[PDB]
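Accompanying notes for the structure given below.
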Amino acid sequence: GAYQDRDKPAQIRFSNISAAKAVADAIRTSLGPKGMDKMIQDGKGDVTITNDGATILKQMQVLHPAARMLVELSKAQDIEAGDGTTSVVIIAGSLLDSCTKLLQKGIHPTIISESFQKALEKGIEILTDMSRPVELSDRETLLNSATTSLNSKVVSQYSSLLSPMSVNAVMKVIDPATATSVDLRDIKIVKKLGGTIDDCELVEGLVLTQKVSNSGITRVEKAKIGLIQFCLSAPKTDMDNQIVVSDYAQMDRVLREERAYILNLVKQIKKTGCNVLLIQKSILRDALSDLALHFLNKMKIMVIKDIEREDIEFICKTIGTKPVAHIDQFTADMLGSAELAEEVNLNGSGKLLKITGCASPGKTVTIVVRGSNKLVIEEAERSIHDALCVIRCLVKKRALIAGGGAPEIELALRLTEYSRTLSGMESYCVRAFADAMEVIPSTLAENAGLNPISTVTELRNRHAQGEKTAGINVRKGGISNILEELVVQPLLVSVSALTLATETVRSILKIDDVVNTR
Amino acid sequence: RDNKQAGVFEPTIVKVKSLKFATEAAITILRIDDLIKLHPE
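These protein sequence lines map, in sequence, to chains N and O. Add 21 to the 1-based position in the first sequence for the entry's author numbering, that's all there is to it. Add 495 to the 1-based position in the second sequence for the entry's author numbering, that's all there is to it.
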């Protein structure tokens with residue numbers, strides 16, 4: 022038979038596998054209802070806590086290339102799902118573990134991938150079979166989906182309060198009809214240090230982190246809002262300009278007239294009847310004048326400078342009020358109106374602007390985060406953000422699956438026989454391929470501290486007639502109907518996870534060498 | 496004694512927010528299971 026001369030590739034392969042397995046096993050601890058968040062201190066000196074693996078990995082300063090792709094892999098999963106970033110990598114590494122298994126089993130890697138290509142085709146087929154179609158309007162199942170995602174991170178503390186906040190927010194921003202893929206950036210997150218995670222808030226309106234510029238105007242009722250872009254200061258041209266002084270009456274005439282210019286400026290604004298002012302950054306040139314504020318405050322008008330050009334669409338998306346860049350255009354026709362708006366006072370003096378109630382309901386919405394630990398607030402929103410993501414993922418496909426590993430054991434079981442069906446060495450690959458999925462339930466019982474092998478096999482043994490509804494329970498610490506435990510995840514989640522892993526490891530196999538570069 | 500009789504009194508919210516705030520932190524710190532350090536660049 023043919024003789025293999027070189028082993029540099031094979032060993033190089035093994036190196037990657039050992040790395041990957043080490044990586045996944047390191048992450049293995051954090052997953053599921055018994056997931057355990059981790060912490061990193063930056064070399065720059067920053068400190069982070071995290072339960073989501075992706076953020077762990079984006080924190081990971083990995084030296085070895087392979088997992089860097091795995092790190093990259095999750096980001097797509099994060100850019101896809103949000104959790105299972107947890108789950109997906111442990112799937113990825115587990116594949117390579119068995120992929121290692123086949124390596125000293127001498128099978129050429131190429132056939133493995135196609136076998137895996139076949140292996141995935143069965144699974145994606147199977148997963149379609151087992152999923153549960155669900156229309157979007159059923160709030161509770163969304164809620165059921167929600168906490169299922171949520172009881173994976175610390176935010177489980179106020180999960181019961183947090184989950185409704187999430188879903189309601191989605192309902193308010195979505196169209197429950199087109200079943201499209203509505204963006205999340207239309208949802209605003211507010212990291213406000215202090216408070217209680219319980220005191221994290223939803224705002225059906227607008228909130229700006231910035232602070233007022235008026236000393237005296239604090240709360241406004243029936244506010245008529247105005248957002249203005251053109252600066253309110255000494256008129257300065259884009260091109261070079263200068264007033265020349267050579268005569269007597271130039272002084273006051275200049276002096277008086279700037280205020281007059283400013284005066285009419287404000288005069289028109291008041292003439293419009295607006296009462297709350299929004300001012301963007303004009304860092305290229307002059308901003309709002311101090312003098313105008315004197316007038317506007319004399320005109321008793323709410324005012325805010327320094328509005329980010331990036332937020333402006335969101336805000337007019339939020340407030341439904343087109344901005345103004347020229348006086349003539351500034352007209353009450355465009356003047357937005359709000360039922361009430363003002364600056365709240367928290368943090369003792371961490372004061373924040375609130376705008377509740379809008380005659381034009383924008384689809385967008387903002388979200389308030391309160392809580393003691395600064396890091397915990399950031400991790401909370403991560404959990405909140407992914408909570409949104411999975412819902413949007415669920416918005417993508419109106420089909421539902423129980424969480425808690427039951428799909429996986431079904432799959433491997435289903436793979437177990439189909440592997441038996443298929444002849445050739447491919448069967449072993451699929452035999453191994455299914456054995457890869459075996460890890461996740463084992464991980465659960467690990468993080469459940471329960472006898473994994475006894476449980477998961479019994480989980481298989483039950484599941485031989487204990488189909489996807491049933492599985493290992495966390496709360497009771499046994500194996501039960503997970504559907505009856507209301508622990509359910511959208512189909513695509515594992516789909517994306519399963520799919521994404523499959524392509525990558527195929528790419529993993531094709532590797533033969535790494536060459537150090539300049 | 497009776498600090499009620501002694502007048503030794505404290506504002507409620509002091510303990511109130513306290514027990515909350517400690518709860519959160521204890522919630523935070525307990526969940527950790529692993530630290531990873533980075534030497535500076």
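No residue lacks a Cβ here, since even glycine has one placed at the ideal position from N, Cα and C.
Within the segment 30-88 of chain N, the complete alpha helix (DSSP H) segments at least 4 residues long are 74-80, listed from N- to C-terminus. Separation of the CB atoms of N:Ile249 and N:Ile300 is rounded to 6 Å, and the pair is thereby assigned contact status at 8 Å. Closest in C-alpha terms to N:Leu465, from the list N:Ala401, N:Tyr449, N:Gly424 and N:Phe454, comes N:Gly424. Scanning N:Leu163, N:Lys321, N:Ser166 and N:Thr342 for the CA closest to the CA of N:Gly247 turns up N:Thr342. The beta-carbon of O:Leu514 is placed no less than 7 Å from the nearest beta-carbon of chain N. In summary, N:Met260 is exposed, with fewer than 16 beta-carbon neighbours lying within 10 Å of its beta-carbon over all protein chains present. When C-beta distances to chain O are compared with 7 Å, the residues of the segment 396-415 of chain N below that value are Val397, in chain order. For a Cβ distance threshold of 8 Å, residue set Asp528 and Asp529 of chain O lies close to N:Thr50, ordered along the chain. Taking N:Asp118 as the centre and dropping the five residues before and after it, the same chain places the C-beta of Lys42 closer than 6 Å to its C-beta, in chain order. With fewer than 16 neighbouring CB atoms inside 10 Å of its own CB, N:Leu276 falls in the exposed class. In this structure, the alpha-carbon of N:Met355 lies about 46 Å from that of O:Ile508.
The contact set of O:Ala520 on chain N, defined by CB atoms closer than 9 Å, consists of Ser393, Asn394 and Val397 in chain order. For O:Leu533, the nearest beta carbon of chain N is closer than 7 Å to its own beta carbon. By the rule that beta-carbons nearer than 7 Å mark a contact, N:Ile61 touches chain O. About 7 Å separates the beta carbons of N:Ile412 and N:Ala167, which is inside the 8 Å limit, making them a contact pair. With fewer than 16 neighbouring CB atoms inside 10 Å of its own CB, N:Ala281 falls in the exposed class. By the neighbour-count definition (other C-beta atoms within 10 Å, threshold 16), O:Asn498 is an exposed residue. Among the residues of chain O, none has a CB under 8 Å from the CB of N:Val203; the nearest is roughly 32 Å distant. If you draw a straight line from the Cα of N:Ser170 to the Cα of N:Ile388, it comes to about 18 Å. At a C-beta separation below 8 Å, O:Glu505 has no neighbours in chain N, since its nearest C-beta there lies roughly 19 Å away.
Burial check for O:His534: the Cβ neighbour count within 10 Å stays below 16, so the residue is exposed.
Rounded to the nearest whole angstrom, the C-alpha separation of N:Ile283 and N:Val265 is 20 Å. Under the DSSP assignment, N:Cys120 falls in the alpha helix (DSSP H) whose first and last residues are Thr106 to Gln125. Under the 8 Å Cβ criterion, the segment 28-39 of chain N does not count as touching the segment 391-405 of chain N, having fewer than three qualifying pairs. Its Cα nearest to that of N:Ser134, the residue N:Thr520 stands out among N:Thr149, N:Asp534, N:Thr520 and N:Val535.
In the pairwise beta carbon analysis, the segment 347-365 of chain N is classified as not touching the segment 143-152 of chain N: fewer than three pairs are separated by under 8 Å. Under the three-state reduction of DSSP, O:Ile522 is assigned to helix.
Take N:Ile474, set aside five residues on each side of it, and the residues of its chain with a beta-carbon closer than 8 Å to its own are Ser463, in chain order. In the three-state DSSP reduction, N:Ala433 falls in the helix class (H, G or I). For N:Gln510, the beta-bridge partners assigned by DSSP are N:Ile422. A straight-line Cα-Cα distance of about 40 Å links N:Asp533 and N:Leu471. O:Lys512 and N:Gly216 have their C-alpha atoms roughly 9 Å apart. Those residues of the segment 190-220 of chain N placed with their C-beta closer than 9 Å to a C-beta in chain O are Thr217, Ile218 and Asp219, ordered along the chain.
The three-state secondary structure of N:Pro473, taken from DSSP, is helix.
The DSSP-derived three-state label of N:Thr168 is helix.
Listed in chain order, the non-local C-beta contacts of N:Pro154 below 8 Å within the same chain comprise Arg419, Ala420 and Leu421, local neighbours out to five positions each way being set aside.
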